[PDB]
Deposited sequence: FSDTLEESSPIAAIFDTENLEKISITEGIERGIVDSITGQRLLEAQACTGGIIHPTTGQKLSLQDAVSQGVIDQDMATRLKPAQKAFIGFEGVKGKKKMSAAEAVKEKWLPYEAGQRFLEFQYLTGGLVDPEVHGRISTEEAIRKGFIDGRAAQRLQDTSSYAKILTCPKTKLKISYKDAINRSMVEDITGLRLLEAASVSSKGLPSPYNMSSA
């Protein structure tokens, strides 16, 4: 699946970047950062309208994310370009908290499979196991997308949801092909 690219501000019926969603207060800062991390660790920050995958520096330049966010996303981008080492390895080497490494791997798994920084390519879970990125247990966890940590506050319902839930709830924009997550100022629940 494609990563969630941007936010759909239901109340204002318009697509906005995750950053704007945060600015508007309809996507909390943590959730927003995590959505952005999901982009960085899977190829790059997604321009909300062009769909172009961007490096953090270009994202900042294009106004897709601000400098502070760019800073906080460094580990996420490295989960893609390498720390080269992968997020799983960074967690092992005490460079990245488990929580972070786990979501990065889930972000990658849900979007095509774990990323192997060394080749930019994705790899099968069998290969990730072989590479030591994950063990069979982690593989079963990853494959069981229904049990992913509810690390996001659904911007619309305000309930805790996983990134798989987010993808499930996301809608695709008219052929930009971009996956949008609806957001509201207050819970729709």
Ranges missing from the model, given as deposited sequence positions: 1-7, 91-97, 204-214
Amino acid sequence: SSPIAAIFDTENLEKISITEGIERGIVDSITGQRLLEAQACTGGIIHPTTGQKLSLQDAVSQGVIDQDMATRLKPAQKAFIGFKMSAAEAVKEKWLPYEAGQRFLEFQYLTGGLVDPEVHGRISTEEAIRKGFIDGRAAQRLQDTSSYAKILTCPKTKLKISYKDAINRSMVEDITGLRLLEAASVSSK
From here on, numbers count along this sequence of modelled residues.
51-59 or 118-126, whichever carries the higher mean Cα B-factor: 118-126
Per the entry, higher mean C-alpha B factor between 84-92 and 97-105: 84-92
Criterion, highest CA B-factor; candidates, 9, 165, 174, 23: 174
Maximum C-alpha temperature factor, selected from 33, 153, 140, 39: 140
Among modelled residues of the same chain, the CA temperature factor third for residue 4: lowest
Among modelled residues of the same chain, the CA temperature factor third for residue 186: highest
